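Dumped model_12.txt below, it's compact mmCIF, N, CA and C atoms:
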# COMPACT_ATOMS: atom_id res chain seq x y z
N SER A 5 30.97 -3.78 -15.57
CA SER A 5 29.71 -4.06 -14.83
C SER A 5 29.69 -3.33 -13.50
N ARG A 6 28.48 -2.96 -13.05
CA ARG A 6 28.30 -2.26 -11.78
C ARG A 6 27.83 -3.21 -10.69
N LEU A 7 28.44 -3.08 -9.50
CA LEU A 7 28.09 -3.92 -8.35
C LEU A 7 27.14 -3.21 -7.39
N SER A 8 27.34 -1.90 -7.22
CA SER A 8 26.51 -1.08 -6.33
C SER A 8 25.37 -0.41 -7.10
N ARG A 9 24.24 -0.22 -6.41
CA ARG A 9 23.06 0.41 -7.00
C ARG A 9 22.99 1.91 -6.68
N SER A 10 23.99 2.41 -5.91
CA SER A 10 24.09 3.83 -5.50
C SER A 10 22.91 4.24 -4.61
N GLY A 11 23.24 4.69 -3.39
CA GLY A 11 22.22 5.11 -2.44
C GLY A 11 21.90 4.04 -1.42
N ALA A 12 22.50 4.15 -0.24
CA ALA A 12 22.30 3.19 0.84
C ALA A 12 21.32 3.72 1.89
N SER A 13 20.33 2.88 2.23
CA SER A 13 19.32 3.24 3.22
C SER A 13 19.36 2.28 4.41
N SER A 14 19.59 2.85 5.62
CA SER A 14 19.67 2.08 6.89
C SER A 14 20.72 0.96 6.81
N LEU A 15 21.90 1.23 7.40
CA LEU A 15 23.00 0.27 7.42
C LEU A 15 23.64 0.17 8.81
N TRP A 16 22.87 0.54 9.84
CA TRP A 16 23.35 0.51 11.23
C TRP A 16 22.34 -0.18 12.14
N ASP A 17 22.85 -0.98 13.08
CA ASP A 17 22.00 -1.71 14.03
C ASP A 17 21.94 -0.97 15.38
N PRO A 18 20.86 -1.18 16.21
CA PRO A 18 20.73 -0.51 17.52
C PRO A 18 21.61 -1.15 18.60
N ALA A 19 22.25 -0.30 19.41
CA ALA A 19 23.12 -0.76 20.49
C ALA A 19 22.38 -0.80 21.83
N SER A 20 21.27 -0.05 21.91
CA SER A 20 20.45 0.01 23.12
C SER A 20 18.96 -0.20 22.78
N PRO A 21 18.09 -0.58 23.77
CA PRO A 21 16.64 -0.79 23.52
C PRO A 21 15.92 0.48 23.05
N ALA A 22 15.23 0.36 21.91
CA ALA A 22 14.49 1.48 21.33
C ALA A 22 13.02 1.11 21.09
N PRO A 23 12.04 1.93 21.61
CA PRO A 23 10.61 1.65 21.42
C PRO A 23 10.09 2.03 20.02
N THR A 24 8.93 1.48 19.66
CA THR A 24 8.31 1.75 18.36
C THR A 24 7.21 2.80 18.49
N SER A 25 7.36 3.90 17.74
CA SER A 25 6.40 5.00 17.75
C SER A 25 5.54 5.00 16.48
N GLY A 26 6.17 4.70 15.34
CA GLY A 26 5.47 4.68 14.07
C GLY A 26 5.23 3.25 13.56
N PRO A 27 4.09 2.59 13.93
CA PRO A 27 3.78 1.22 13.48
C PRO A 27 3.40 1.16 12.00
N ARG A 28 3.69 0.02 11.36
CA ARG A 28 3.39 -0.18 9.94
C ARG A 28 2.51 -1.43 9.73
N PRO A 29 1.21 -1.26 9.33
CA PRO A 29 0.29 -2.40 9.09
C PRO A 29 0.78 -3.33 7.98
N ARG A 30 0.27 -4.57 7.98
CA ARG A 30 0.66 -5.57 6.99
C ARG A 30 -0.48 -5.86 6.01
N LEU A 31 -0.12 -6.45 4.86
CA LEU A 31 -1.06 -6.81 3.80
C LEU A 31 -1.73 -8.15 4.10
N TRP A 32 -3.05 -8.12 4.30
CA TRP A 32 -3.84 -9.32 4.61
C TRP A 32 -5.25 -9.22 4.02
N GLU A 33 -5.90 -10.37 3.83
CA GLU A 33 -7.26 -10.43 3.27
C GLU A 33 -8.28 -9.74 4.18
N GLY A 34 -8.88 -8.65 3.67
CA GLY A 34 -9.86 -7.88 4.42
C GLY A 34 -9.25 -6.65 5.05
N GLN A 35 -8.17 -6.14 4.44
CA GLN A 35 -7.48 -4.95 4.92
C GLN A 35 -7.88 -3.74 4.08
N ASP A 36 -8.47 -2.72 4.73
CA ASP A 36 -8.87 -1.50 4.03
C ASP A 36 -7.61 -0.72 3.65
N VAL A 37 -7.36 -0.68 2.35
CA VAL A 37 -6.17 -0.04 1.80
C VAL A 37 -6.50 1.16 0.93
N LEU A 38 -5.48 1.98 0.71
CA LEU A 38 -5.58 3.14 -0.13
C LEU A 38 -4.61 2.98 -1.29
N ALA A 39 -5.18 2.61 -2.43
CA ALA A 39 -4.43 2.37 -3.64
C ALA A 39 -4.32 3.66 -4.46
N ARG A 40 -3.12 4.24 -4.46
CA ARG A 40 -2.84 5.48 -5.18
C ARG A 40 -2.80 5.23 -6.69
N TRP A 41 -3.60 6.00 -7.44
CA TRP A 41 -3.67 5.85 -8.89
C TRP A 41 -2.84 6.94 -9.59
N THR A 42 -2.52 6.70 -10.88
CA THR A 42 -1.70 7.61 -11.70
C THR A 42 -2.41 8.93 -12.08
N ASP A 43 -3.67 9.09 -11.66
CA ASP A 43 -4.44 10.31 -11.95
C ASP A 43 -4.25 11.36 -10.86
N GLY A 44 -3.49 10.99 -9.81
CA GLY A 44 -3.24 11.90 -8.70
C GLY A 44 -4.21 11.70 -7.55
N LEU A 45 -5.29 10.95 -7.81
CA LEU A 45 -6.32 10.67 -6.81
C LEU A 45 -6.11 9.30 -6.17
N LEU A 46 -6.56 9.17 -4.92
CA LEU A 46 -6.45 7.93 -4.15
C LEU A 46 -7.65 7.01 -4.42
N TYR A 47 -7.52 5.74 -4.05
CA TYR A 47 -8.57 4.74 -4.24
C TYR A 47 -8.75 3.92 -2.96
N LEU A 48 -10.00 3.70 -2.55
CA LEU A 48 -10.29 2.92 -1.35
C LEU A 48 -10.71 1.50 -1.74
N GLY A 49 -10.12 0.52 -1.05
CA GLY A 49 -10.43 -0.87 -1.33
C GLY A 49 -9.95 -1.82 -0.25
N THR A 50 -10.55 -3.01 -0.20
CA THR A 50 -10.15 -4.04 0.78
C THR A 50 -9.33 -5.11 0.08
N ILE A 51 -8.41 -5.73 0.81
CA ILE A 51 -7.51 -6.75 0.25
C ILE A 51 -8.21 -8.09 0.02
N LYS A 52 -8.27 -8.47 -1.26
CA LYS A 52 -8.87 -9.73 -1.68
C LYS A 52 -7.79 -10.81 -1.85
N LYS A 53 -6.57 -10.37 -2.21
CA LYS A 53 -5.44 -11.28 -2.41
C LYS A 53 -4.14 -10.62 -1.95
N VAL A 54 -3.13 -11.44 -1.66
CA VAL A 54 -1.83 -10.95 -1.18
C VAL A 54 -0.68 -11.68 -1.87
N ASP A 55 0.30 -10.89 -2.32
CA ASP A 55 1.50 -11.40 -2.98
C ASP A 55 2.74 -10.89 -2.23
N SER A 56 3.08 -11.60 -1.14
CA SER A 56 4.23 -11.24 -0.29
C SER A 56 5.58 -11.62 -0.92
N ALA A 57 5.53 -12.24 -2.11
CA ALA A 57 6.74 -12.66 -2.83
C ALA A 57 7.27 -11.54 -3.74
N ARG A 58 6.35 -10.85 -4.42
CA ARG A 58 6.70 -9.76 -5.33
C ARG A 58 6.30 -8.38 -4.76
N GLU A 59 5.92 -8.36 -3.46
CA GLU A 59 5.49 -7.12 -2.76
C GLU A 59 4.27 -6.47 -3.44
N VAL A 60 3.27 -7.31 -3.72
CA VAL A 60 2.03 -6.87 -4.38
C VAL A 60 0.81 -7.47 -3.66
N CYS A 61 -0.38 -6.89 -3.92
CA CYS A 61 -1.64 -7.36 -3.33
C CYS A 61 -2.82 -6.95 -4.18
N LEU A 62 -3.84 -7.80 -4.21
CA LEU A 62 -5.06 -7.52 -4.96
C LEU A 62 -6.11 -7.01 -3.99
N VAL A 63 -6.79 -5.95 -4.39
CA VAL A 63 -7.80 -5.34 -3.53
C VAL A 63 -9.08 -5.02 -4.31
N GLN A 64 -10.21 -5.26 -3.64
CA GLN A 64 -11.53 -4.98 -4.18
C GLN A 64 -11.93 -3.58 -3.76
N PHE A 65 -12.27 -2.74 -4.73
CA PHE A 65 -12.61 -1.35 -4.47
C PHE A 65 -14.11 -1.12 -4.32
N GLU A 66 -14.45 0.05 -3.74
CA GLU A 66 -15.85 0.46 -3.47
C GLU A 66 -16.76 0.33 -4.70
N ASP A 67 -16.27 0.78 -5.87
CA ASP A 67 -17.07 0.71 -7.10
C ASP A 67 -16.88 -0.64 -7.82
N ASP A 68 -16.72 -1.73 -7.03
CA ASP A 68 -16.56 -3.11 -7.54
C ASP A 68 -15.36 -3.25 -8.50
N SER A 69 -14.34 -2.42 -8.28
CA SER A 69 -13.13 -2.44 -9.10
C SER A 69 -12.07 -3.35 -8.47
N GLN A 70 -11.67 -4.38 -9.21
CA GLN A 70 -10.62 -5.29 -8.75
C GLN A 70 -9.33 -4.91 -9.46
N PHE A 71 -8.55 -4.09 -8.76
CA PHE A 71 -7.31 -3.54 -9.29
C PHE A 71 -6.09 -4.01 -8.51
N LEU A 72 -5.07 -4.44 -9.26
CA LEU A 72 -3.80 -4.93 -8.69
C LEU A 72 -2.92 -3.75 -8.26
N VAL A 73 -2.61 -3.68 -6.97
CA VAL A 73 -1.79 -2.59 -6.42
C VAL A 73 -0.51 -3.10 -5.76
N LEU A 74 0.52 -2.25 -5.80
CA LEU A 74 1.82 -2.54 -5.20
C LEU A 74 1.85 -2.06 -3.75
N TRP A 75 2.62 -2.75 -2.90
CA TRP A 75 2.74 -2.39 -1.48
C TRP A 75 3.32 -0.97 -1.27
N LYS A 76 3.90 -0.40 -2.34
CA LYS A 76 4.48 0.95 -2.30
C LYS A 76 3.41 2.03 -2.58
N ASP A 77 2.43 1.68 -3.42
CA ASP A 77 1.33 2.60 -3.78
C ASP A 77 0.13 2.43 -2.85
N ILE A 78 0.27 1.55 -1.85
CA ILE A 78 -0.81 1.27 -0.91
C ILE A 78 -0.59 1.99 0.43
N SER A 79 -1.69 2.54 0.96
CA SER A 79 -1.70 3.25 2.23
C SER A 79 -2.85 2.72 3.10
N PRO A 80 -2.58 1.91 4.17
CA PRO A 80 -3.65 1.36 5.03
C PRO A 80 -4.61 2.43 5.57
N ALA A 81 -5.90 2.27 5.26
CA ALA A 81 -6.95 3.19 5.68
C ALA A 81 -7.43 2.89 7.10
N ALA A 82 -6.86 3.63 8.07
CA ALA A 82 -7.22 3.46 9.48
C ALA A 82 -7.28 4.81 10.20
N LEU A 83 -6.27 5.66 9.96
CA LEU A 83 -6.19 6.98 10.58
C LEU A 83 -5.91 8.06 9.53
N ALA B 331 -18.24 17.80 -7.62
CA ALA B 331 -18.04 16.99 -6.39
C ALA B 331 -18.73 15.63 -6.52
N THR B 332 -18.04 14.58 -6.06
CA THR B 332 -18.56 13.22 -6.12
C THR B 332 -18.76 12.65 -4.70
N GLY B 333 -19.78 11.79 -4.56
CA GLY B 333 -20.08 11.18 -3.27
C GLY B 333 -21.03 10.01 -3.40
N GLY B 334 -20.48 8.86 -3.80
CA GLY B 334 -21.29 7.65 -3.97
C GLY B 334 -20.45 6.40 -4.16
N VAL B 335 -19.26 6.57 -4.77
CA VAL B 335 -18.35 5.45 -5.02
C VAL B 335 -17.32 5.30 -3.88
N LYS B 336 -16.01 5.30 -4.21
CA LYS B 336 -14.94 5.17 -3.20
C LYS B 336 -14.85 6.38 -2.28
N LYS B 337 -14.53 6.10 -1.01
CA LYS B 337 -14.42 7.13 0.03
C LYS B 337 -13.05 7.04 0.76
N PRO B 338 -11.91 7.34 0.05
CA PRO B 338 -10.55 7.29 0.63
C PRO B 338 -10.30 8.37 1.70
N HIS B 339 -9.03 8.83 1.80
CA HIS B 339 -8.62 9.86 2.78
C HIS B 339 -9.47 11.14 2.66
N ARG B 340 -9.71 11.56 1.42
CA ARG B 340 -10.51 12.76 1.11
C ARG B 340 -11.13 12.64 -0.28
N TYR B 341 -10.38 12.03 -1.21
CA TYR B 341 -10.84 11.84 -2.59
C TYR B 341 -10.38 10.49 -3.13
Once you've parsed the file, please lay out its structure as structure tokens.
Amino acid sequence: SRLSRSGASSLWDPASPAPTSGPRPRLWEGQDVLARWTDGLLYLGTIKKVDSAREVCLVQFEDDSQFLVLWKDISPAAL
Amino acid sequence: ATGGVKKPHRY
């Protein structure tokens, strides 16, 4: 049996005060998101539901499309 | 070209 999943990301803590330059928005009801689809094209929609347990969220799209998107395929539409 | 439904980053 294997114990390690191979590939470690961020395993060190800060020793001195460090400011935040790249902020990351959160998943909430009424959040304009960009749901990336498997066709290579992006999708615009607002958050109708949130699943912070399985890292998922439901969003209502411009063309009345209610599609379930993952927090990894989502890009907050702000800038 | 489309322009009536979703309006994401560019497409």
At a cut-off of 6 Å, can you tabulate as a tab-separated table every residue of chain A near chain B together with its closest atom pair and the distance in Å to one decimal, using only C-alpha atoms and ordering rows by chain then number?
residue	atom	partner	partner_atom	distance
A:47	CA	B:338	CA	5.8
A:48	CA	B:338	CA	4.8
A:66	CA	B:336	CA	4.8
A:67	CA	B:335	CA	5.3
Give as a compact mmCIF listing (two decimals) with N, CA and C atoms, keeping the file's coordinate frame each residue that has an atom at most 10 Å from (-0.5, -12.8, 1.5) in the file, counting only C-alpha atoms.
# COMPACT_ATOMS: atom_id res chain seq x y z
N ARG A 30 0.27 -4.57 7.98
CA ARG A 30 0.66 -5.57 6.99
C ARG A 30 -0.48 -5.86 6.01
N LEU A 31 -0.12 -6.45 4.86
CA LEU A 31 -1.06 -6.81 3.80
C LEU A 31 -1.73 -8.15 4.10
N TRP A 32 -3.05 -8.12 4.30
CA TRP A 32 -3.84 -9.32 4.61
C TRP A 32 -5.25 -9.22 4.02
N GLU A 33 -5.90 -10.37 3.83
CA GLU A 33 -7.26 -10.43 3.27
C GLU A 33 -8.28 -9.74 4.18
N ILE A 51 -8.41 -5.73 0.81
CA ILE A 51 -7.51 -6.75 0.25
C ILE A 51 -8.21 -8.09 0.02
N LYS A 52 -8.27 -8.47 -1.26
CA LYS A 52 -8.87 -9.73 -1.68
C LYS A 52 -7.79 -10.81 -1.85
N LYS A 53 -6.57 -10.37 -2.21
CA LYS A 53 -5.44 -11.28 -2.41
C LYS A 53 -4.14 -10.62 -1.95
N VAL A 54 -3.13 -11.44 -1.66
CA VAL A 54 -1.83 -10.95 -1.18
C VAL A 54 -0.68 -11.68 -1.87
N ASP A 55 0.30 -10.89 -2.32
CA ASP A 55 1.50 -11.40 -2.98
C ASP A 55 2.74 -10.89 -2.23
N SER A 56 3.08 -11.60 -1.14
CA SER A 56 4.23 -11.24 -0.29
C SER A 56 5.58 -11.62 -0.92
N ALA A 57 5.53 -12.24 -2.11
CA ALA A 57 6.74 -12.66 -2.83
C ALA A 57 7.27 -11.54 -3.74
N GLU A 59 5.92 -8.36 -3.46
CA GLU A 59 5.49 -7.12 -2.76
C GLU A 59 4.27 -6.47 -3.44
N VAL A 60 3.27 -7.31 -3.72
CA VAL A 60 2.03 -6.87 -4.38
C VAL A 60 0.81 -7.47 -3.66
N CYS A 61 -0.38 -6.89 -3.92
CA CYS A 61 -1.64 -7.36 -3.33
C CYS A 61 -2.82 -6.95 -4.18
N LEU A 62 -3.84 -7.80 -4.21
CA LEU A 62 -5.06 -7.52 -4.96
C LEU A 62 -6.11 -7.01 -3.99
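When atom C of residue 69 (chain A) is paired with CA of residue 82 (chain A), their separation reads 19.8 Å.
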Enclose the full set of atoms of region 37-52 of chain A listed in the file within a box whose edges lie along x, y and z, apply 6 Å of padding to each of the six sides, and report centre and edge lengths in Å to one decimal as AutoDock Vina command-line options.
--center_x -6.2 --center_y 0.5 --center_z -4.9 --size_x 21.0 --size_y 34.7 --size_z 26.4
Quick one: everything within 7 Å of residue 78 (chain A), counting only C-alpha atoms, minus sequence neighbours fewer than 4 positions away in the same chain. Send it as number ranges by chain. A: 37-40, 73-74
If you measure from CA of residue 46 (chain A) to CA of residue 75 (chain A), what distance in Å do you get, rounded to one decimal? 14.1 Å
Going by DSSP on the backbone, which bits of chain A are strand (DSSP E or B)? Write them as a PDB file with N, CA and C atoms, in the frame of the given file, please.
ATOM      1  N   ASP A  36      -8.470  -2.720   4.730  1.00  0.00           N
ATOM      2  CA  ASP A  36      -8.870  -1.500   4.030  1.00  0.00           C
ATOM      3  C   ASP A  36      -7.610  -0.720   3.650  1.00  0.00           C
ATOM      4  N   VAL A  37      -7.360  -0.680   2.350  1.00  0.00           N
ATOM      5  CA  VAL A  37      -6.170  -0.040   1.800  1.00  0.00           C
ATOM      6  C   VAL A  37      -6.500   1.160   0.930  1.00  0.00           C
ATOM      7  N   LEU A  38      -5.480   1.980   0.710  1.00  0.00           N
ATOM      8  CA  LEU A  38      -5.580   3.140  -0.130  1.00  0.00           C
ATOM      9  C   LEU A  38      -4.610   2.980  -1.290  1.00  0.00           C
ATOM     10  N   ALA A  39      -5.180   2.610  -2.430  1.00  0.00           N
ATOM     11  CA  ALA A  39      -4.430   2.370  -3.640  1.00  0.00           C
ATOM     12  C   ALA A  39      -4.320   3.660  -4.460  1.00  0.00           C
ATOM     13  N   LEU A  48     -10.000   3.700  -2.550  1.00  0.00           N
ATOM     14  CA  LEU A  48     -10.290   2.920  -1.350  1.00  0.00           C
ATOM     15  C   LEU A  48     -10.710   1.500  -1.740  1.00  0.00           C
ATOM     16  N   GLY A  49     -10.120   0.520  -1.050  1.00  0.00           N
ATOM     17  CA  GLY A  49     -10.430  -0.870  -1.330  1.00  0.00           C
ATOM     18  C   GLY A  49      -9.950  -1.820  -0.250  1.00  0.00           C
ATOM     19  N   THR A  50     -10.550  -3.010  -0.200  1.00  0.00           N
ATOM     20  CA  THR A  50     -10.150  -4.040   0.780  1.00  0.00           C
ATOM     21  C   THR A  50      -9.330  -5.110   0.080  1.00  0.00           C
ATOM     22  N   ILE A  51      -8.410  -5.730   0.810  1.00  0.00           N
ATOM     23  CA  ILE A  51      -7.510  -6.750   0.250  1.00  0.00           C
ATOM     24  C   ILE A  51      -8.210  -8.090   0.020  1.00  0.00           C
ATOM     25  N   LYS A  52      -8.270  -8.470  -1.260  1.00  0.00           N
ATOM     26  CA  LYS A  52      -8.870  -9.730  -1.680  1.00  0.00           C
ATOM     27  C   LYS A  52      -7.790 -10.810  -1.850  1.00  0.00           C
ATOM     28  N   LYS A  53      -6.570 -10.370  -2.210  1.00  0.00           N
ATOM     29  CA  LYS A  53      -5.440 -11.280  -2.410  1.00  0.00           C
ATOM     30  C   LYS A  53      -4.140 -10.620  -1.950  1.00  0.00           C
ATOM     31  N   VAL A  54      -3.130 -11.440  -1.660  1.00  0.00           N
ATOM     32  CA  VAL A  54      -1.830 -10.950  -1.180  1.00  0.00           C
ATOM     33  C   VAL A  54      -0.680 -11.680  -1.870  1.00  0.00           C
ATOM     34  N   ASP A  55       0.300 -10.890  -2.320  1.00  0.00           N
ATOM     35  CA  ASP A  55       1.500 -11.400  -2.980  1.00  0.00           C
ATOM     36  C   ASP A  55       2.740 -10.890  -2.230  1.00  0.00           C
ATOM     37  N   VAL A  60       3.270  -7.310  -3.720  1.00  0.00           N
ATOM     38  CA  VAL A  60       2.030  -6.870  -4.380  1.00  0.00           C
ATOM     39  C   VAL A  60       0.810  -7.470  -3.660  1.00  0.00           C
ATOM     40  N   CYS A  61      -0.380  -6.890  -3.920  1.00  0.00           N
ATOM     41  CA  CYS A  61      -1.640  -7.360  -3.330  1.00  0.00           C
ATOM     42  C   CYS A  61      -2.820  -6.950  -4.180  1.00  0.00           C
ATOM     43  N   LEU A  62      -3.840  -7.800  -4.210  1.00  0.00           N
ATOM     44  CA  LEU A  62      -5.060  -7.520  -4.960  1.00  0.00           C
ATOM     45  C   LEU A  62      -6.110  -7.010  -3.990  1.00  0.00           C
ATOM     46  N   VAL A  63      -6.790  -5.950  -4.390  1.00  0.00           N
ATOM     47  CA  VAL A  63      -7.800  -5.340  -3.530  1.00  0.00           C
ATOM     48  C   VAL A  63      -9.080  -5.020  -4.310  1.00  0.00           C
ATOM     49  N   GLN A  64     -10.210  -5.260  -3.640  1.00  0.00           N
ATOM     50  CA  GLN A  64     -11.530  -4.980  -4.180  1.00  0.00           C
ATOM     51  C   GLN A  64     -11.930  -3.580  -3.760  1.00  0.00           C
ATOM     52  N   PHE A  65     -12.270  -2.740  -4.730  1.00  0.00           N
ATOM     53  CA  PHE A  65     -12.610  -1.350  -4.470  1.00  0.00           C
ATOM     54  C   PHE A  65     -14.110  -1.120  -4.320  1.00  0.00           C
ATOM     55  N   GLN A  70     -11.670  -4.380  -9.210  1.00  0.00           N
ATOM     56  CA  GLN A  70     -10.620  -5.290  -8.750  1.00  0.00           C
ATOM     57  C   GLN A  70      -9.330  -4.910  -9.460  1.00  0.00           C
ATOM     58  N   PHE A  71      -8.550  -4.090  -8.760  1.00  0.00           N
ATOM     59  CA  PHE A  71      -7.310  -3.540  -9.290  1.00  0.00           C
ATOM     60  C   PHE A  71      -6.090  -4.010  -8.510  1.00  0.00           C
ATOM     61  N   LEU A  72      -5.070  -4.440  -9.260  1.00  0.00           N
ATOM     62  CA  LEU A  72      -3.800  -4.930  -8.690  1.00  0.00           C
ATOM     63  C   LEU A  72      -2.920  -3.750  -8.260  1.00  0.00           C
ATOM     64  N   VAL A  73      -2.610  -3.680  -6.970  1.00  0.00           N
ATOM     65  CA  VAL A  73      -1.790  -2.590  -6.420  1.00  0.00           C
ATOM     66  C   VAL A  73      -0.510  -3.100  -5.760  1.00  0.00           C
ATOM     67  N   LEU A  74       0.520  -2.250  -5.800  1.00  0.00           N
ATOM     68  CA  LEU A  74       1.820  -2.540  -5.200  1.00  0.00           C
ATOM     69  C   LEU A  74       1.850  -2.060  -3.750  1.00  0.00           C
ATOM     70  N   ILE A  78       0.270   1.550  -1.850  1.00  0.00           N
ATOM     71  CA  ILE A  78      -0.810   1.270  -0.910  1.00  0.00           C
ATOM     72  C   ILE A  78      -0.590   1.990   0.430  1.00  0.00           C
TER      73      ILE A  78
END
